[PDB]
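my_file33.cif (mmCIF, C-alpha atoms and all ligand atoms)
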data_run
#
loop_
_atom_site.label_atom_id
_atom_site.label_comp_id
_atom_site.auth_asym_id
_atom_site.auth_seq_id
_atom_site.Cartn_x
_atom_site.Cartn_y
_atom_site.Cartn_z
CA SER A 42 -6.62 22.22 -45.26
CA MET A 43 -3.12 23.24 -44.28
CA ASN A 44 0.19 21.69 -45.10
CA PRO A 45 2.54 21.10 -42.21
CA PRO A 46 5.66 23.20 -41.87
CA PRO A 47 8.21 21.72 -44.26
CA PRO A 48 11.22 19.82 -42.95
CA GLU A 49 13.91 22.13 -41.66
CA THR A 50 16.72 22.97 -44.00
CA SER A 51 18.91 24.80 -41.46
CA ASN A 52 19.25 24.66 -37.69
CA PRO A 53 21.31 26.96 -35.48
CA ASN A 54 22.17 24.15 -33.08
CA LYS A 55 23.10 21.39 -35.57
CA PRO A 56 26.79 20.90 -36.32
CA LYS A 57 27.66 21.29 -39.97
CA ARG A 58 30.21 19.63 -42.18
CA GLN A 59 31.48 19.32 -45.74
CA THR A 60 32.77 15.89 -46.72
CA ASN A 61 33.84 14.59 -50.11
CA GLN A 62 30.88 12.18 -49.95
CA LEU A 63 28.46 15.10 -49.29
CA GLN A 64 30.07 16.96 -52.25
CA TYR A 65 29.44 13.92 -54.45
CA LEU A 66 25.86 13.72 -53.24
CA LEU A 67 25.28 17.32 -54.38
CA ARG A 68 27.38 17.40 -57.55
CA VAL A 69 26.65 13.93 -58.91
CA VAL A 70 23.71 12.22 -57.15
CA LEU A 71 21.25 15.10 -56.58
CA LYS A 72 22.29 16.81 -59.87
CA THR A 73 21.50 13.61 -61.82
CA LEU A 74 18.11 13.09 -60.18
CA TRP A 75 17.11 16.80 -60.17
CA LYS A 76 17.30 17.07 -63.92
CA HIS A 77 15.53 13.71 -64.63
CA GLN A 78 12.19 13.88 -66.49
CA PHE A 79 10.45 12.37 -63.44
CA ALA A 80 12.03 14.71 -60.80
CA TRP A 81 9.40 17.44 -60.76
CA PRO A 82 6.81 15.94 -58.38
CA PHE A 83 9.66 15.38 -55.94
CA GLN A 84 11.27 18.80 -56.22
CA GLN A 85 9.27 20.29 -53.35
CA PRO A 86 7.30 19.10 -50.33
CA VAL A 87 4.06 17.32 -51.14
CA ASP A 88 1.41 20.08 -51.30
CA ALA A 89 -1.51 18.05 -49.94
CA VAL A 90 -3.75 21.09 -50.32
CA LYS A 91 -3.08 21.96 -53.99
CA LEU A 92 -2.85 18.26 -55.00
CA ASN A 93 -6.06 17.41 -53.13
CA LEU A 94 -4.55 14.61 -51.04
CA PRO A 95 -6.29 15.46 -47.72
CA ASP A 96 -5.14 12.27 -45.90
CA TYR A 97 -1.48 12.64 -46.99
CA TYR A 98 -0.14 14.08 -43.74
CA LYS A 99 -2.36 11.77 -41.63
CA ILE A 100 -0.49 8.84 -43.18
CA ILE A 101 2.97 10.30 -43.81
CA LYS A 102 4.52 11.67 -40.60
CA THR A 103 8.10 11.90 -41.90
CA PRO A 104 7.80 13.84 -45.18
CA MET A 105 10.81 14.37 -47.41
CA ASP A 106 11.52 15.66 -50.90
CA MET A 107 14.46 16.63 -53.14
CA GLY A 108 13.83 20.39 -52.71
CA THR A 109 14.48 19.89 -49.03
CA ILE A 110 17.54 17.66 -49.68
CA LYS A 111 18.92 20.21 -52.16
CA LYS A 112 18.63 23.06 -49.60
CA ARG A 113 20.15 20.84 -46.89
CA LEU A 114 23.17 20.10 -49.11
CA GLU A 115 23.53 23.74 -50.17
CA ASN A 116 23.22 24.93 -46.57
CA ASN A 117 25.72 22.33 -45.22
CA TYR A 118 23.00 21.08 -42.96
CA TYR A 119 24.32 17.54 -42.83
CA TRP A 120 27.25 16.17 -40.86
CA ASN A 121 27.52 13.02 -42.94
CA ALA A 122 26.42 11.39 -46.18
CA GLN A 123 24.36 8.75 -44.38
CA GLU A 124 21.96 11.45 -43.20
CA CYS A 125 21.40 12.52 -46.79
CA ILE A 126 21.07 8.94 -48.08
CA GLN A 127 18.43 8.41 -45.33
CA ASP A 128 16.48 11.44 -46.59
CA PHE A 129 16.40 10.03 -50.16
CA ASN A 130 15.18 6.71 -48.80
CA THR A 131 12.46 8.35 -46.73
CA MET A 132 11.22 10.22 -49.82
CA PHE A 133 10.95 6.98 -51.83
CA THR A 134 9.45 4.95 -49.00
CA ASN A 135 6.76 7.61 -48.32
CA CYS A 136 5.73 7.43 -51.98
CA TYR A 137 5.42 3.67 -51.95
CA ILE A 138 3.44 3.68 -48.69
CA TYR A 139 0.97 6.41 -49.57
CA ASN A 140 0.14 5.80 -53.23
CA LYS A 141 -1.46 2.82 -54.99
CA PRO A 142 0.84 0.58 -57.03
CA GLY A 143 0.51 1.48 -60.73
CA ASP A 144 -0.13 5.16 -59.96
CA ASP A 145 2.16 7.19 -62.25
CA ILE A 146 3.87 8.69 -59.20
CA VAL A 147 5.00 5.25 -58.02
CA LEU A 148 6.48 4.41 -61.42
CA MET A 149 8.32 7.74 -61.32
CA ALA A 150 9.80 7.07 -57.86
CA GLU A 151 10.89 3.62 -58.88
CA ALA A 152 12.81 5.04 -61.90
CA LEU A 153 14.46 7.71 -59.79
CA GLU A 154 15.33 5.20 -57.03
CA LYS A 155 17.06 2.90 -59.52
CA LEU A 156 19.17 5.85 -60.75
CA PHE A 157 19.86 6.90 -57.14
CA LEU A 158 21.11 3.42 -56.30
CA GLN A 159 23.25 3.40 -59.46
CA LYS A 160 24.87 6.72 -58.46
CA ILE A 161 25.34 5.92 -54.73
CA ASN A 162 26.92 2.57 -55.69
CA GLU A 163 30.01 4.61 -56.54
CA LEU A 164 30.04 6.97 -53.58
CA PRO A 165 33.77 7.75 -53.06
CA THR A 166 35.62 6.74 -49.94
CA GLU A 167 35.73 9.53 -47.38
CA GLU A 168 38.79 11.80 -46.99
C1 LIG B 1 5.44 12.73 -54.02
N1 LIG B 1 3.99 12.73 -54.43
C2 LIG B 1 3.43 13.93 -55.16
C3 LIG B 1 2.28 13.58 -56.08
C4 LIG B 1 1.96 14.31 -57.22
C5 LIG B 1 0.80 13.97 -57.93
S1 LIG B 1 0.42 14.79 -59.40
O1 LIG B 1 -0.99 14.53 -59.57
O2 LIG B 1 1.16 15.94 -59.42
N2 LIG B 1 1.22 13.85 -60.45
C6 LIG B 1 0.73 12.63 -61.17
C7 LIG B 1 1.99 11.88 -61.47
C8 LIG B 1 2.97 13.01 -61.78
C9 LIG B 1 2.70 13.99 -60.67
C10 LIG B 1 -0.02 12.93 -57.45
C11 LIG B 1 0.28 12.21 -56.31
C12 LIG B 1 1.48 12.51 -55.67
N3 LIG B 1 1.94 11.64 -54.61
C13 LIG B 1 3.21 11.72 -54.02
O3 LIG B 1 3.53 10.75 -53.36
#
Is it possible to give me this structure as structure tokens?
Amino acid sequence: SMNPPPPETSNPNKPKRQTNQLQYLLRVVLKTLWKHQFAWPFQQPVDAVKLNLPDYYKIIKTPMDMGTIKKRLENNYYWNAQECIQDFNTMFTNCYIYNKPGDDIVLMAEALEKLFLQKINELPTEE
């Protein structure tokens, strides 16, 4: 009963960049989702141990969560916005794959994904 190491949030060898799109992702997209009533189960890596989901990391081999995304943004881990958008999508997809439809957690992810899509609809053109 161990969790895996969480996804990296910094890497000495990975080129780093600030873009206006990455700024929007932190200041508008992540900020909006982070403070949502349904954010909290997504604010850190899935703790398969504490949540008693022993098969979680047998099924989900590409874990992701908003805690991780938040640190990546803050750390300037990403080169581009598409990397960050991909992380959000992974987090939602993992949830839909692992959990039963009608579980509360699935309803929560669906609400946050709708808001995410609303906010990324207006991602500004890059400068
Ligand atoms: C992302 N999660 C975390 C999670 C949390 C929890 S719970 O029991 O904390 N809970 C019930 C709904 C609100 C939060 C249960 C399952 C998952 N599955 C994931 O897919």
Shortest interatomic distance to residue 140 (chain A) - which of A:161, A:155, A:101, A:119, counting only C-alpha atoms: A:101
Site check for ligand LIG 1 (chain B): residues at most 8 Å away, all atoms listed in the file, as a ChimeraX atom specification: /A:79,81-83,86-88,92,94,106,132,135-137,139-140,144-147,149
Counting all atoms listed in the file, the residue of A:78, A:52, A:73, A:159 that sits nearest residue 111 (chain A): A:73
For residue 59 (chain A): contacts at 12 Å, all atoms listed in the file, fewer than 4 positions along chain excluded, given as a list in words: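 Surrounding residues, per the criterion: residues 63, 64, 65, 66, 67, 113, 114, 115, 116, 117, 118, 119, 120, 121, 122, 167 and 168 of chain A.
Using all atoms listed in the file, the smallest distance between any of A:43, A:126, A:148, A:80 and residue 162 (chain A) comes from A:126.
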Using only C-alpha atoms: which of A:141, A:166, A:134, A:109 has the shortest distance to residue 85 (chain A): A:109
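CA of residue 98 (chain A) is found 19.0 Å from CA of residue 110 (chain A).
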Between CA of residue 84 (chain A) and CA of residue 108 (chain A), distance in Å (one decimal):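 Pair CA of residue 84 (chain A) / CA of residue 108 (chain A) returns 4.6 Å.
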Give me the box for region 80-86 of chain A as AutoDock Vina command-line options, namely the centre and edge lengths in Å to one decimal of a box along x, y and z that holds every listed atom plus 5 Å on each side.
--center_x 9.4 --center_y 17.5 --center_z -55.6 --size_x 15.2 --size_y 15.6 --size_z 20.5
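Separating CA of residue 138 (chain A) from CA of residue 150 (chain A) is a distance of 11.7 Å.
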Selected residue, from A:133, A:102, A:124, A:165, that lies nearest to residue 57 (chain A) when counting only C-alpha atoms: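 When distances to residue 57 (chain A) are compared using only C-alpha atoms, the smallest one comes from A:124.
In terms of minimum interatomic distance to residue 123 (chain A), A:164 ranks closest within A:74, A:89, A:164, A:69, counting all atoms listed in the file.
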